Amino acid sequence: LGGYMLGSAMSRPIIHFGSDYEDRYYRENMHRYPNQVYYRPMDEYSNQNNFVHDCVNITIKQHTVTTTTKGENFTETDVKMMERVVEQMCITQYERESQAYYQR
């Protein structure tokens with residue numbers, strides 16, 4: 125890493141995939157997926173969605189490396205599913221933080 129902070133928590137947000145397999149399949153294993161993100165604070169980094177791009181690409185990698193030291197590895201599939209959640213979780217944190225900045 126190098127200065128990515130953990131965001132707040134909001135359980136494992138439910139995502140749609142257009143297909144009863146992928147949709148239920150996510151659910152079936154949402155009891156192991158991320159409930160917080162890795163982002164960076166302000167006075168150094170900011171944007172609308174780009175402030176989530178790097179964040180998500182970090183939180184995600186972090187749950188892959190963790191498995192490797194445990195003797196496990198997610199795939200690009202379990203990562204592509206995380207990319208949807210971890211994004212919205214990063215945007216939902218960003219908004220809650222932005223409501224201070226905007227309120228200044």
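Per the deposited numbering, residue 125 is the first one in the sequence shown, and the count goes up by one each step.
We put the CB at the ideal spot given by N, CA and C, even for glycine.
Compute the Euclidean distance between the alpha carbons of residue i and residue j, then round it to the nearest angstrom.
i	j	result
residue 198	residue 191	7 Å
residue 133	residue 218	12 Å
residue 142	residue 151	14 Å
residue 140	residue 149	10 Å
residue 176	residue 158	15 Å
residue 163	residue 195	26 Å
residue 182	residue 155	21 Å
residue 201	residue 186	15 Å
residue 204	residue 211	11 Å
Considering only DSSP beta bridges, list what residue i is partnered with.
i	result
residue 130	162
By Cβ distance, which residues of its chain are closer than 7 Å to residue i, with the 5 residues on each side in sequence left out?
i	result
residue 165	129
Going by DSSP in three states, residue i sits in which element: helix, strand or coil?
i	result
residue 208	helix
residue 216	helix
residue 227	coil
residue 199	coil
Would you mind listing the alpha helix (DSSP H) stretches within the segment 134 to 188 that are 4+ residues and don't spill past its ends, in chain order?
Taking only runs of at least 4 residues, the alpha helix (DSSP H) segments lying wholly in the segment 134 to 188 are 144 to 152.
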